[PDB]
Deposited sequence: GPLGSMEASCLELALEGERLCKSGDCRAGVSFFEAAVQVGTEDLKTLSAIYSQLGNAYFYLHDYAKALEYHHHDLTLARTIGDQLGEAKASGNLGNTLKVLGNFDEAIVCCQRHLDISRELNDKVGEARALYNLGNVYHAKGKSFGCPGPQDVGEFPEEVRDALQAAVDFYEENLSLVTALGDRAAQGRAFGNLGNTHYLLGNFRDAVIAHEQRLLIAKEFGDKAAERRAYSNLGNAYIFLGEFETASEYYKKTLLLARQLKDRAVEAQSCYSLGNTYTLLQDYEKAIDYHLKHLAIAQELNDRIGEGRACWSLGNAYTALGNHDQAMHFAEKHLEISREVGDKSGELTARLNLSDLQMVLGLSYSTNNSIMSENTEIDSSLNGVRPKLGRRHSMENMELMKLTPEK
């Protein structure tokens, strides 16, 4: 019946609620537990870290940063190096999302270095994935014709992801491999290594199927299609977007489905088919407005007016722009 005992109890309920996917409730329990307090700084460290992650998942990145900062500091106070490595990785990930890449890199690098010192291979691998992510976001945030420092950041990302894959292969960690393959493929895409991107997304697709992860499967098909566009193989691309459209309906994901239809219309145009294009753009706007999607609504129109203006229908084209200008002004 100490203060220590109630803090623990509140925290356990916090952890339970968060695992169940109710982060909003869990946050309050962790805040209650902080309110009650405890003299065990190890317990308190774990509560801060869970608050940081809970806020991160709720997209309150500014709060996530605050709590991961407290956790890092407290980890240093008590000399818990494993705890320090974890907090720094968490901090770097939050910094990355906020667009503070320079400090993000320093924090994620501290997570890697300490994992190495401790001979913690699981942690080392996670830190490498985190580092690939930061260098990727860093290179992508700028603005084939890239400044040297941008190409260098993207190529470091490739190296981190490949180093990660080598360790998680040794560890037998399939979900970790799925994550790395996907982001590696995206990094190759940005570098214009389109063949390598396909290879990476193919591996990512295979793992998505293994897990029965229909959403990851859907991402992979979509990324594969994008890469085939830039390889010229427009036919194969439409075939992958068709796969995503099928999946979009199974998942009952309205927006994703809008995306799938929009892409196919754009691909047929590169194939010089304008009817199919129109039918897909039609579905997109139909689903767009259905989601309170103003930006999307207009996009379809400029597309549609270009497609009718290619068909030879110079009236329905010249029409289409009119509803676009309306949403434009709105």
Original post:
Numbering the deposited sequence from 1, which residue ranges have no coordinates here?
Top reply: 1-3, 147-153, 341-407
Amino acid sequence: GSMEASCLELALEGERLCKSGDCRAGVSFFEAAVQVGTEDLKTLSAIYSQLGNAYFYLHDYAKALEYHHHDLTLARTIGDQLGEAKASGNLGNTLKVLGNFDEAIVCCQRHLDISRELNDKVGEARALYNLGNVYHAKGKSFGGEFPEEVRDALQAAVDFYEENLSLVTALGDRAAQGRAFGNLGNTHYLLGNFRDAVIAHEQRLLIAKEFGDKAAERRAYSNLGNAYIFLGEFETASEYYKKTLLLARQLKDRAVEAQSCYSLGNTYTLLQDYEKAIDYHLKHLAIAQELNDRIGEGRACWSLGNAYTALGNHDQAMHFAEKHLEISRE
From here on, numbers count along this sequence of modelled residues.
**OP:** Establish whether the other compared PDB entries of this protein leave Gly144 unmodelled at least a third of the time.
**Re:** yes
**OP:** Check the entry's C-alpha temperature factors for 232-240 and 108-116, then say which stretch has the higher mean.
**Re:** 232-240
**OP:** Can you let me know which of the two, 211-219 or 83-91, has the higher average C-alpha B-factor in the entry?
**Re:** 211-219
**OP:** Check the PDB entry and point out which of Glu275, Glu66, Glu31, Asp60 has the largest C-alpha temperature factor.
**Re:** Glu275
Original post:
Based on the PDB record, which member of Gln35, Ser49, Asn292, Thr38 exhibits the highest Cα temperature factor?
Top reply: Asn292
Subject >> B-factor third for the C-alpha atom of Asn53 within its chain >> reply: lowest
Original post:
Once the chain's modelled residues are ordered by C-alpha B factor and cut into thirds, is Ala227 in the lowest, middle or highest one?
Top reply: middle
**OP:** Pull the Cα B-factor of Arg76 out of the PDB entry and bin it into the chain's lowest, middle or highest third.
**Re:** middle
Original post:
Sorting the chain's CA B-factors, does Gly185 end up in the lowest, middle or highest third?
Top reply: lowest
Original post:
Split the chain's modelled residues into thirds by Cα B-factor; is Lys252 in the lowest, middle or highest one?
Top reply: highest
